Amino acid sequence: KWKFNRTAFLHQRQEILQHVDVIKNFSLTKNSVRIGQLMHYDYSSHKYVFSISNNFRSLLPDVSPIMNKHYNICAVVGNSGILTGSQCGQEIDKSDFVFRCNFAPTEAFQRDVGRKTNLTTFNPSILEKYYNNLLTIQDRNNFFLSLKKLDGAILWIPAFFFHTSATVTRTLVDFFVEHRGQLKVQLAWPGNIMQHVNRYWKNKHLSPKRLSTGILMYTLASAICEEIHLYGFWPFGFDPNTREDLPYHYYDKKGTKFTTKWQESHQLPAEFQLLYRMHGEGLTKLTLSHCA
């Protein structure tokens, strides 16, 4: 049914590149920050600051981790409940490169979402919510194991979007410095990039207070992928094909009720409408049904 239009996608890549230097915005590098430099937060009041320490700078890459990288078929996997029972795991894992959002689980869900991960995003407040601020030996060990499972994947850590990241970023930084060289995980640390990313999408008549992680991933992916297939983008409470109730997230327990006010800060429906148009124009393949 769906047919890729390579030319139109590459024109979209060029248009994104005119508004966002993706290669650079992908991560701060050692030489782009000074020790003692005060960072601000893209989505918090300007009064919030974070001072760049020696240790933080030592975790930055020397060069963009996506410089001169090229992947043919990319999967960007959002977190919609539409993936549950899709059996898309195998097809996602055939991709050259898979992006995942917010350290999403794969273990109990591989048949549907895959086990391949080449990048996953990581808001530092994950440490507070799921790893008890790395306070105990067992917390530390659980986090270490989760990192080890990523192998050489990129962990894309946006520490300068929300001021609530500030204290937990120091804990994260200390852990990584303490374990330097023990893990193959490639760290990436984007800076204040949402002002640049928002410019491309304002032109496409999309102006939320906040763009979603999913669409941020598409934006990055545009620069390094030749063809992008989207999974788990479907911000609605029902299945499009069956009409049955659907959870918001694929990892939600069965029967969990789609939450209306979960997504009041986002404009996922407007994002989705725009991706859906893009699907129709052959720019990207939006998957909304079970895979083969």
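Note that residue numbering follows the sequence shown and begins at 1.
- In at least one third of the other compared structures of this protein with flanking residues present, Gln267 is left unmodelled.
- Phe258 is a gap in at least a third of the other entries compared, counting only those with both neighbours built.
- For the two regions 222-230 and 41-49, the entry's Cα B-factors average higher over 41-49.
- Higher average CA B factor: 105-113, of the stretches 73-81 and 105-113.
- When the C-alpha B factors of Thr213, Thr169, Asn118, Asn203 are read from the deposited coordinates, the top value falls at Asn203.
- Among the modelled residues of the chain, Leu60 sits in the lowest third by CA temperature factor in this PDB entry.
- When the modelled residues of the chain are ordered by C-alpha B-factor, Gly152 sits in the middle third.
- Ranked by Cα temperature factor within the chain, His179 sits in the middle third according to the deposited record.
- For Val173, the recorded CA B-factor ranks within the lowest third of the chain. Only modelled residues enter the ranking.
- Compared with the other modelled residues of the chain, the Cα B-factor recorded for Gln87 ranks in the middle third.
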